[PDB]
Amino acid sequence: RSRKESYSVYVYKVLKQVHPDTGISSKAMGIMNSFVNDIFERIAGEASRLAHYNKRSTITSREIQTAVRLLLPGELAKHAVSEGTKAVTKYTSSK
Amino acid sequence: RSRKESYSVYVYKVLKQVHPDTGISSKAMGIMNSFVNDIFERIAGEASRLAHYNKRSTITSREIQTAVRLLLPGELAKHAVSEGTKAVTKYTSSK
Amino acid sequence: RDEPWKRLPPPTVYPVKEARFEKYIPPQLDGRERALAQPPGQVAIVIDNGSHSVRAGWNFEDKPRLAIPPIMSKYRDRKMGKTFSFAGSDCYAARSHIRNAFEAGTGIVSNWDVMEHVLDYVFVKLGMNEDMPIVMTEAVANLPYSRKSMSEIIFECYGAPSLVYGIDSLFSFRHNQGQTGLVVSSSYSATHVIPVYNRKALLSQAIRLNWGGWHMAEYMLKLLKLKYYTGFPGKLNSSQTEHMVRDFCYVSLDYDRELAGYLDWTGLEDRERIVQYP
Amino acid sequence: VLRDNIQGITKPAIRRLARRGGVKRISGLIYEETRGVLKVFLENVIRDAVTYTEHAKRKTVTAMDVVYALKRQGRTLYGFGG
Amino acid sequence: XXXXXXXXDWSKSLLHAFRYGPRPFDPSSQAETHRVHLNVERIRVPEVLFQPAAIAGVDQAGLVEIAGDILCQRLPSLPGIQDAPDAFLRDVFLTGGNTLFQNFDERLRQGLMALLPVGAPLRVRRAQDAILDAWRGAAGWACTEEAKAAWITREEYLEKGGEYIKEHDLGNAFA
Amino acid sequence: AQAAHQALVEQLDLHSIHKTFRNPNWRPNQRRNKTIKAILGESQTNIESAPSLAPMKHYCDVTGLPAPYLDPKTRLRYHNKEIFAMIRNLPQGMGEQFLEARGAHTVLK
Amino acid sequence: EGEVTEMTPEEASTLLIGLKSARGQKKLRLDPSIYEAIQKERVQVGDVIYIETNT
Amino acid sequence: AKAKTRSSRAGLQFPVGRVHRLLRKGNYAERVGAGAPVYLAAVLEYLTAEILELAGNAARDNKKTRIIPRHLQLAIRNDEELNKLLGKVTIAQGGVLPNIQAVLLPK
Ligand SMILES: Nc1ncnc2c1ncn2[C@@H]1O[C@H](COP(=O)(O)OP(=O)(O)OP(=O)(O)O)[C@@H](O)[C@H]1O
């Protein structure tokens, strides 16, 4: 079995946040999972190359932010960056 | 002085091997250097993804060979695998 | 030109002789009744521990009673809820969890959990309901650990008065009434050459070639796998290639002349041997 | 090894694909060309897929092999993994 | 070519003769694709006993060369025996199961005739029941005085150990 | 229909017959079923195999005919130009299997 | 007729030659003047030769 | 103890040790095999040779004994495989292939 994991439960939670009375099929869920994984690999990769280009051996939130600025086009970036800076602030308000 | 490494002497040696009576310009030298760097990053990247796909933490000559089979097209790949196998065999023999 | 295949005769084809089972389960108990009637000191059970065919019987006869491969197989059925374990020729080669007592390619026993069940099948089908001496064969220059483990299985598992090891080719020498010669014996695992001087083997200088009938079968399988190159629709077992080798191979007298003119068109219809499949 | 199968991509199927693509009128020499293009495409994908399968020392081409092939070819496919 | 022929395939290539035979090609029928043809495998596979290093790449010597090495280079150089060619060549016989091939003893006889000096009374024969005489020899040996003087009883196994060897003239060397 | 096959499976069995002679006091050891390398490593006889030193007649390894010359790209002995054609257009992954059948494949590690 | 098996100088002179045929080899003791006719010919290890014994 | 290079043992020119270091400190895997640097160096050296050869040919064609970017461009854009390999690569100061369509040709 090996406990094959995914981003299922999280996608479901966010779905019920933005739309309480709206469901999702299995195929669409798999597509959302593949989307999450893809963006993850892309951002993390670009962040890795960012750290490597500047001879720095650490991927901080800065590299992630720059990677988002490079990858996500237009407003999608802006909002995302905000949603990041928010999160990392709250994490520093209870740690 | 902070010395910066390059593939200059190596591509020069290769140049002398294949064409003893020809020269090379500085611009074309940098182009060849960037070329070798790009292919290195490509093959090593694809080999890394190959190792990660099969839950392996070691890039052996097999991963490199498969990566070359995936990247280089047709006869180029054939001769590449040929030269690679020859080199790794000759290295295996001569300790 | 229609001539080279117009007057050509219809082919004479041979089917596949795969080593299948055979419908016999004898619980032969008529040997112990004759064995207990002889005077003591002249009754012993002889087991040829052959790599292709373990043979076993009593010494006062001429043919061996049991002649089986070292194949065993054990199962568990959850649709029935029962553990099976039968061995020998009773395996069909429909299920196969086959593992052999001999290591593949060398006549040195190193799969003792199989050899124990093979000897168990031997002592069951001979009839043991209770202590006879055992004469048993081995390979030339056998490893000491294998002899130690075999002796441990003979004494500790079953319980025997005595056993003694010998080389089977030298037994066939002593039965053939020779005194001094050069025994060349090509077995299933290796081909031995042993010089014998006045009924004594000179084992300090015997030489074994590392080729045998199993190597014949495996190399024949490799060449039929590489001859029919684009994919052959058929299960290419090793045993059916062995039965091809048994009845379709002969050592040529003058090899370099026979070989170079072998695939000529004139007369290939009588050199060629053809095999069907279902 | 069966026979042909390049003709398995029948005429009304290609017509359907053109309809979904938004094509009003189709030539007669379109179908063979489409069969050729699809052949080249499938060759390029299956080659890399089988390569990934061989590197994993498997005799069964998995879906993830196809996904990896498509991703490295530059056509990421969602709904199967990766 | 048609104008020249009017004015005037598989049968050329040997690979069709090698895979399929002199008959024409397989039309992908039921009882035609499922056929294996044997041409060279008849004489290539039982030839590895004599030329091992070339056909199958086993880096050892041939049977003829091993027999010649023992008869001509080791046995005359061994002290304690009288006649190296005049005794060992009286009876060279063939025992094992991988021997019942047509024309196997004659090949070994021609090889030893090429190796040995002229005039040696070479007489190569074979056993009577090649796959079953290995059992019958230990059957006839089993209840004699040398076998009685070579058994290992149970208390001898309990005392001497496991790797104990009664040195018989048929068994291996004692240790 | 399958009752005869079931009876043949049932009567051909070892656990169906009670072991009237097996000693139950004996217990098997785990450290068995080794290889020749392991047994030779325990004892550190069977080193009487001898190689050769003689000119070998090299034959073809695609077919069995005598072949006098090899290749630079794939190192295959071959008889004539038909076999050379079939060597230079064979699908990949088999040009190494011919050297596997002949020996000295030297696969990567 | 036959293939030379060995070229062994015995004394220190007489040189034995084994002449291998397809029927059997045979030792042969040579005079120290016929060996200087063998040696002018380029016979090394395994050349088949044709020695007249008388002439 | 008379040290020798790994490139010499592999019969190559490209640095095996350098490639090995880059693979180790390049965030590609936790561990890296011993055949990987020699194999990779061999492939890089081979590709280098294939380009430099055709580039030398193109240089010879223009009566010049020094390979310039133009010669590299002419070498890559003619070799279909090399072109596919460098399809998304722009060679600086390499120009384009002299190619004029048949329709634009004089009547
Ligand atoms: N009629 C036949 N013609 C040719 N070969 C045969 C024939 N019958 C049996 N064989 C061969 O004999 C071999 C079996 O030999 P056998 O079982 O006597 O060896 P073995 O005594 O088990 O070897 P070992 O002593 O190493 O265990 C098989 O490989 C089979 O190919």
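Entry note, chain H: relative contact order of 17 percent, from Cα contacts under 8 Å with a spacing of 6+ residues.
A crude spin-label estimate for the pair G:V43 and E:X7, with each label 7 Å from Cα along the Cβ direction, gives 6.2 nm.
Checking every one of the chymotrypsin sites (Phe, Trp or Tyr not before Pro) in segment C:1-45 against DSSP loop status and a limit of 14 other Cβ atoms within 10 Å picks out C:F21, C:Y24. Centre-to-centre separation between the Cα atoms of segment B:70-95 and those of segment F:16-41: 48 Å.
Taking amide H positions as modeled 1.01 Å from N, with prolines and chain starts lacking one, the residues under 5 Å from E:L94 and 5 or more places away or on another chain are E:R125, E:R126, E:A127. Here is how far apart the A:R3 label points are across copies: 5.1 nm, shortest first, using a point 7 Å from Cα toward Cβ. I need the calculated FRET efficiency for the pair F:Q11 and C:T12, taking r as the beta carbon distance and R₀ as 45 Å, to the nearest 0.05. Result of the calculation: an efficiency of 0.65. Counting neighbouring Cβ atoms within 10 Å and putting the fewest first, the residues C:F123, H:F14, C:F86, D:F41 line up as D:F41, C:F123, C:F86, H:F14. For chain B, find the longest principal axis of its Cα atoms and tell me its angle to the long axis of helix B:61-71, 0 to 90°, nearest 10. Taking Cα atoms only, the helix is inclined about 70 degrees. Relative contact order, whole percent, for segment D:1-80 stands at 20, derived from Cα pairs under 8 Å and 6 or more residues apart.
Close amide H pairs (under 5 Å, H built 1.01 Å from N) link C:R99 with C:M72, residues at least 5 positions away or on another chain.
Compute the whole-percent fraction of alpha carbon pairs in the protein assembly as shown spaced more than 56 Å apart. That fraction is 35 percent.
Of the GluC sites (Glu not before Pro) found in segment H:1-77, those that fall in a DSSP loop while having at most 11 other beta-carbon atoms within 10 Å are H:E30. What the phi angles of segment E:41-49 give under the Karplus curve with 6.51, -1.76 and 1.60, with θ = phi - 60°, is a coupling list of 4, 5, 10, 8, 6, x, 8, 6, 4 Hz, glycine and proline written as x.
Membrane-span-like helices in chain H, defined here as complete DSSP H runs extending at least 24 Å along the helix axis by their C-alpha atoms with mean Kyte-Doolittle hydropathy no lower than 0.5, are H:35-61; this is a sequence and geometry rule, not a statement about a membrane. Between the Cα long axis of helix B:75-93 and the first principal axis of chain B there is an angle of about 80°, rounded to the nearest 10.
Label point of A:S25 set 7 angstrom out along Cα-Cβ; within segment D:67-82, amide nitrogens under 19 Å from it belong to D:77-81.
Along the Cα-to-Cβ line of F:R32, 7 Å from the Cα, sits a label point; which residues in segment C:79-96 have backbone N less than 13 Å from it? Answer for segment C:79-96: none. Cα-Cα over 29 Å: which of C:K148/C:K200; B:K95/D:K71; D:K39/D:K71; B:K16/F:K81? B:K95/D:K71; B:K16/F:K81, as the Cα separations exceed 29 Å there. Couplings for segment C:145-158, taken from phi via the Karplus curve 6.51 cos²θ - 1.76 cosθ + 1.60 with θ = phi - 60°, read 5, 5, 5, 5, 5, 5, 5, 5, 6, 6, 7, 7, 6, 9 Hz in order; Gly and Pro are left as x. When the C-alpha to C-alpha distance is required to be over 19 Å, the pairs from B:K78/H:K84; C:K74/C:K222; A:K4/A:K27; C:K235/D:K57; C:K225/D:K59; B:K86/F:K73 that qualify are C:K74/C:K222; C:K235/D:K57.
A simple charge model with +1 on the Cβ of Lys and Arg, -1 on the Cβ of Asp and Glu and nothing else charged puts the dipole of segment E:35-175 at about 600 debye relative to its Cα centre. Given H:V89, F:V107, G:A37, which one lies farthest toward the positive end of the charge dipole of the protein assembly as shown, if we put +1 on the Cβ of every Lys and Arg and -1 on the Cβ of every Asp and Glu? Farthest along the dipole direction, towards plus: H:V89.
Over all pairs of different C-alpha atoms in chain C, the reciprocal of the mean inverse distance, the Kirkwood hydrodynamic radius, equals 22.3 Å.
Couplings 3J(HN,Hα) for segment C:180-196, derived from phi with the Karplus relation 6.51 cos²θ - 1.76 cosθ + 1.60 (θ = phi - 60°), are 9, x, 10, 6, 10, 10, 9, 8, 7, 10, 7, 9, 9, 10, 10, x, 10 Hz, where x marks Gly and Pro.
Label segment C:101-234 by shape, choosing from rounded, prolate and oblate, from the square roots a ≥ b ≥ c of the eigenvalues of the Cα gyration tensor; if a/c is under 1.5 it is rounded, and otherwise prolate applies when a/b is larger than b/c, oblate when it is not. Oblate, because a/c is 1.5 or more while a/b does not exceed b/c.
A straight line joining the Cα centroids of segment E:119-175 and segment G:12-45 runs 47 Å. Under a 5 Å amide H cut-off, with hydrogens placed 1.01 Å from N, C:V183 pairs with C:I194, C:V196 among residues at least 5 apart or on other chains. Averaging the Cα positions of each part gives two centres, and for segment C:1-30 and segment D:6-72 these lie 46 Å apart. Footprinting exposure proxy ranking of E:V124, H:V43, fewest other C-beta atoms within 10 angstrom first, gives E:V124, H:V43.
Among the chymotrypsin sites (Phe, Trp or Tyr not before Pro) within segment C:166-224, not one is in coil by DSSP while having at most 11 neighbouring Cβ atoms inside 10 Å. Within a straight-line Cα-Cα reach of under 28 Å, C:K79 can be paired with the following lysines, leaving aside sequence neighbours fewer than 8 residues apart in one chain: C:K23, F:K19. Between E:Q82 and C:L36, the FRET efficiency from the beta-carbon distance, with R0 = 60 Å, is close to 0.80. Distance distribution P(r), chain B, all Cα-Cα pairs, bin width 10 angstrom from 0: 13, 32, 38, 15, 2 percent.
Computed from the C-beta positions of E:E163 and B:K90 and an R0 of 35 Å, the FRET efficiency is 0.15 to the nearest 0.05.
Extending 7 Å from the Cα toward the beta-carbon at both E:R74 and A:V14 defines two label points whose distance is 7.8 nm.
Here, each number is a calculation from the coordinates, and none is a lab measurement. Here Cβ is always computed from backbone atoms with ideal geometry, including for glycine, and neighbour counts include all displayed protein chains.
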